[PDB]
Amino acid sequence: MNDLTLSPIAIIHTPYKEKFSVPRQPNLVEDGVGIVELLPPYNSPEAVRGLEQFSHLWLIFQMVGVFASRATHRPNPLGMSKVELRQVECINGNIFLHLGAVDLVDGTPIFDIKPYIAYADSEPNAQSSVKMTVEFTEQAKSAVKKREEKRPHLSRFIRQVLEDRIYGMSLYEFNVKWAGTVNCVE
């Protein structure tokens, strides 16, 4: 048993540009959706035949004791993530797996795509050891409105912030600065 060299089979497109932009509860934010783009020569319709069968998927991507946590600094930076499968799209040799609410940062390399099977993967009783109101300033209400044309639902997409004081958060091409009041979207 020797080493192993992995080849990225896909790239993930996501609203969260950096780690800080990812909410600790991605299943709540219904706009933090993603598209998995399969790279050549894995982007074949044969490679995803029947993927649309399953509703959930497992993505093996690239990122107390290390093994006791979910930290990224690992001997093998291999991360897991179960996302919702909304649509397997095939067009002109391009395969896009339109996922549900994800938690991977924009552009992350995918190593494997497996179907999430409830039998072998679900273990509910697995043991172990602050909803905020969102307000936009008038200038904010205006800036968000202008972008509602290109990126619809950009306003409610701010359920992230829903989890002196002028913090910054990069969402998409934007940089949103901010019960918290959001100042300027730019």
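Each residue number is its position in the shown sequence, starting from 1.
Q: With respect to the deposited sequence, is there a break between residue 172 and residue 173 in this entry, and if so is it 1 to 3, 4 to 9, or 10 or more residues, or none at all?
A: Unresolved stretch here: none.
Q: Does the chain run continuously from residue 63 to residue 64, or are deposited residues unmodelled in between? Answer none, 1 to 3, 4 to 9, or 10 or more.
A: Count of unmodelled residues in between: 10 or more.
Q: Which of the two stretches, 68 to 76 or 96 to 104, shows the higher mean Cα temperature factor in the record?
A: Here the higher of the two C-alpha B-factor means belongs to 68 to 76.
Q: Look over 31 to 39 and 116 to 124 in the entry and identify the one with the greater average Cα temperature factor.
A: If you average the C-alpha B-factors of 31 to 39 and of 116 to 124, the larger mean comes out for 116 to 124.
Q: Compare the C-alpha B factor of residue 168 with those of the other modelled residues in its chain, then answer lowest, middle or highest third.
A: As the PDB entry reports it, the C-alpha B-factor of residue 168 lands in the highest third of its chain.
Q: Using the B-factors in the PDB entry, rank residue 56's C-alpha atom against the chain and give the third, lowest, middle or highest.
A: As the PDB entry reports it, the C-alpha B-factor of residue 56 lands in the lowest third of its chain.
Q: Check where residue 20 lands among this chain's C-alpha B-factors and tell me if it's the lowest, middle or highest third.
A: Its C-alpha B-factor, which the entry lists for residue 20, ranks in the highest third among residues of this chain.
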